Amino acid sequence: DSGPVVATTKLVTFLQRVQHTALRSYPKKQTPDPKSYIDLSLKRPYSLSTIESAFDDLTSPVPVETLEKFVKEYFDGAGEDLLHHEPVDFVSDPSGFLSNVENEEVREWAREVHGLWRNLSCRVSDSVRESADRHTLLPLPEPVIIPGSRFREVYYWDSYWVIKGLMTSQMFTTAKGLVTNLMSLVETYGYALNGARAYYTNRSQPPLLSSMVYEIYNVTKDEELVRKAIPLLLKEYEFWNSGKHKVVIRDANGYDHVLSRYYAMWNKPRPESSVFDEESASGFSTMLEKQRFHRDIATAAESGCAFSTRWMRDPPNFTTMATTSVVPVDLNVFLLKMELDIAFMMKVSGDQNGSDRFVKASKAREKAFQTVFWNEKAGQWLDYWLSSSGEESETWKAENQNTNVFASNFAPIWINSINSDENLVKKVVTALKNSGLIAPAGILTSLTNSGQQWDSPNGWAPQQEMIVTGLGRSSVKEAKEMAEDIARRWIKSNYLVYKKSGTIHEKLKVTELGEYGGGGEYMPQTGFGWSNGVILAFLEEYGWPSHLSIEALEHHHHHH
């Protein structure tokens, strides 16, 4: 690759060696999660040089008993450097919490979901700050909310929907803390990392930071937060609008549309999945093909949706991942959101000429959505696949739109200039109604059952929320009806799942009421940050009447 690469740490490189040994030692019916080995930290007082030398003696297939003894002796385990934290603003039953939820069974369930913020609340241990080089966990200034289970660290875009839920939970200090943490990542690296781990320094994630700041500010009117956030949001904005992230698509009327793609600064196996990734690339002839494929994999991770037919050139063929060729609808929704957020914030802070720069920017991206992304026949917005490398501008071609149907195709409904357009909303409602994405438990993320997790039969919390929120803001009766119907489907199914398992799941199998989803490279995970956040946010928006059942026995097609 001629393209840019952010180096990793010697620790991460070493821990991949441990990972490879482990995935070879265990029987195929007991293979562990590879991520757990890159989350280890070095047990004092031994240096990395000492532990690597001892690992070399050990490996010079290691039996499972010998390997576990080695790992127990030289490492503190995964997550041991991430400490439980009692959130200062947590209250077991906040006054006025979900007062519009009059179904007492539902409100008590939501209180239990609210209670899970304590489980997800952590603080990076002091050991990390005093000797950061011994941990892959990154130091952070404030306590975090994590997604849960194997996601032993704060993630970027999950934090938005977590924050939406924290605001229902009346936890505005914890919410600001998340923003403070991500702001410190932008300060250090120039972008917000995929997550607060050493092996994520090479990529970002969908740019939700401005939206987090906006949603908090809209409640607390925290002017200091906005003032602190503006220069960091400007850094983030230039990051997405320069270098390999920026592409130019020229339309038939002569307008150059400046848009973004994902682009991880990495061209190797992801350390956290190093064994899986080396295997999946084993079939490529040249090193250059492998490096291109690895960049496309790590870019699909940067998309927040690893993995999906959405990023494959010949779906469902995983080896055809091609994420750096995709100008994605949802990424550019978030960048439109950033331009609107930053214009609002500079108006608030009293920078009128700055606010005009981003009004001009948002109108220009609004033009790009009408020309580059919209597809009138489909009634939705389509990812745009590049013909070339993205170095130089290219001319828009209708055949380069991905006509496959995804929940992300409806992401622009989240933007107020779109959901304010009655005629457009009507077309989108019809397209969503007729797409096949609306399933018993919510909105399918795609229509292809690939075995990947960001595909049918799964639906995902962030994707439900953006469509429900956007549709619910239009003045169109059919849209507000559709949003509430989807929100109650999603709530109900998550409750039915919880009634069985006592846990909230990462993703739902939305083709069936009350089933969680799976697929992909790791087992279904529970917690779960954005899933808790959307459950609570939907309940605050819609409530739940006392006489409306949440149980599976009743299946009304009429609402109350």
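In case it trips you up, residue 1 is the first one in the sequence shown, and so on.
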- Note on the structure: What lies unmodelled of the deposited sequence between residue 60 and residue 61 amounts to 4 to 9
- Query: Can you tell me which stretch has the higher mean Cα B-factor, 452 to 460 or 82 to 90?
  - Reply: 82 to 90
- Query: According to the deposited model, is the average Cα temperature factor higher in 501 to 509 or in 46 to 54?
  - Reply: 46 to 54
- Query: Between 41, 526, 531, 30, which carries the biggest CA temperature factor in the record?
  - Reply: 30
- Note on the structure: In this crystal structure's PDB entry, the residue among 399, 236, 383, 251 with the greatest CA B factor is 399
- Message: Is residue 276 in the lowest, middle or highest third of its chain when residues are ranked by C-alpha B-factor?
- Response: highest
- Sorting the chain's CA B-factors, does residue 470 end up in the lowest, middle or highest third? lowest
- Task: Going by the recorded CA B-factors, say which third of the chain residue 23 sits in, lowest, middle or highest.
- Result: highest
- Once the chain's modelled residues are ordered by C-alpha B factor and cut into thirds, is residue 416 in the lowest, middle or highest one? middle
- Note on the structure: Here the Cα B-factor of residue 347, set against its chain, lands in the third termed highest
